[PDB]
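Values below: every heavy atom of this structure, side chains too, minus hydrogens, waters and symmetry copies. Letters A, B, ... mirror the listed sequences (proteins, then strands); counts begin at 1.
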Amino acid sequence: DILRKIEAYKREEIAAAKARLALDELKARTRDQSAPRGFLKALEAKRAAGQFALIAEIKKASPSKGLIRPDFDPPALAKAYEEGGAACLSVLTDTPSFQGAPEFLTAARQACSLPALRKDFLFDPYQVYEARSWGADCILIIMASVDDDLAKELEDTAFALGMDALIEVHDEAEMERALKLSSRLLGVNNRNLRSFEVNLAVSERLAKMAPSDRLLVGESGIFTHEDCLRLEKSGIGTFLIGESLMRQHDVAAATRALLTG
Amino acid sequence: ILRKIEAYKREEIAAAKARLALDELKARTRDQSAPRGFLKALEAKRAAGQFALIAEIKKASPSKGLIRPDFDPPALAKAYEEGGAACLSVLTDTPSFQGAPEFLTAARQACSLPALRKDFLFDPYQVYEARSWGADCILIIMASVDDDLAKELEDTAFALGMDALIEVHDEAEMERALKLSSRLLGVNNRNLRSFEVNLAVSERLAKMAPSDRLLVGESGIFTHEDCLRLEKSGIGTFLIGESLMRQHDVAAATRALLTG
């Protein structure tokens, strides 16, 4: 049935042709960006100074909870987070679930001097080029979403473009898989993806399993300076937090409070 | 939730790549010179009382295997023009025919004839491709695409200044083809399931085609006598490749076929 056989390969050629020209355009755009700001290196400098290292997150909406902050202004939020002592930014660029946008990353980053992470669901190295073209200094790899080959390819592409990679893990199997990669940034996430239950004990347990050369980033269920001090006892001194800070009026003051008490 | 996110995210990735790719092809089409007038060249041959040949540069085929081991598209284009062809057809499909996109562009640059992209089109993106490579006409295969996709293919071709040859193999396909605007209808004598070739197919379909359409007989045409036979059914325009490609002196073979 020669027509069905031709159609099947022809559709693959068409997909490959589009991907090729798109990647060529993104390559041009990455060569016209200035160098990455050094996302990991910023966090390590905070920890070397004996301070908590915050990745401060700009998130417009939550699936479940709706619009986070009535007035949503990525550049103003970036400035307020820098003022309050944030070491780096996380900007949601996913639209259907979080009402982020690629342009929010670029605008937030231009408004301050902090390195910035593209916070989104990556399944394809094409998206790592995207991130760099938008100015990203770091990408996100989610171990629950991608297999080992794809994680390595995502991380290798990020390194080839001068960016860091935050590896998000939720359990022991994911942690063991994450330790096959090179990246030092490991995100230990307290929110169960099956149940949506949130418990700080999850990061405490995963941290015991990590070697000391990895920089652990605590995510979810972190609200107060005291939460940070607790997690610090398990070796976690870097955090990714957004919503709870965003839903307070004075974002700079909320950030200082969380970091310093 | 993760499987759902992945599903919509993969669609966003595909749409993002398609968008940037098409913007690049649109840029390329704006830097091409205007189409040469494929249909108009065939009509000018018929006006002069001559047979109108769409001469096909084809290396191989699934029905036939390798046709012409020594394959030089620019030389073949020149030889076809010399022998009296009205237009060219260039296979740009690689896995089944051993063509290439580049063969269309090189053949076209080597002569002054209009040229058809001979390939399998499933996506208007490919019509922008064709124009960007210099194509003056595209191919729409009724056996391969539904009515909505056929119309979209034809509309894209017309917006870019190109003609569209509509290929039909039976009565149902001919009727569907009459919903489109293109005047170029190809009546194809080759069964695609069995590979049987029979000139009687185009003779039968000609009894159904209205007089405003320009019928192109395709496949199974080897001799000047074959042409004279199809002329009795009103078919004076042909697409021929294999019989001509198989012969060493392509210009002389083409003159013999056209003029006897």
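Both tests pass for B:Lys17 against the ring of A:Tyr126: distance under 6.0 Å to the centre and angle within 45° of the axis.
Within the 3.5 Å criterion, the main-chain N or O of B:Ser219 finds a donor-acceptor partner in the side chain of B:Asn189. Without hydrogens or angle criteria, A:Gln127 side chain to A:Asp124 main chain gives a donor-acceptor distance under 3.5 Å. Judged by distance alone, with hydrogens and angles left aside, the side-chain atoms of A:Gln99 form no donor-acceptor pair with the main-chain N or O of A:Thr95 at under 3.5 Å.
Across A:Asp120, A:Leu122, A:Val146, the residue that shares the most heavy-atom pairs under 4.5 angstrom with chain B is A:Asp120.
Proximity to chain B (any heavy atom under 4.5 Å) is shown, for A:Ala15, by neither the backbone nor the side chain. Proximity to chain B is limited to the side chain of A:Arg11, based on heavy atoms less than 4.5 angstrom apart.
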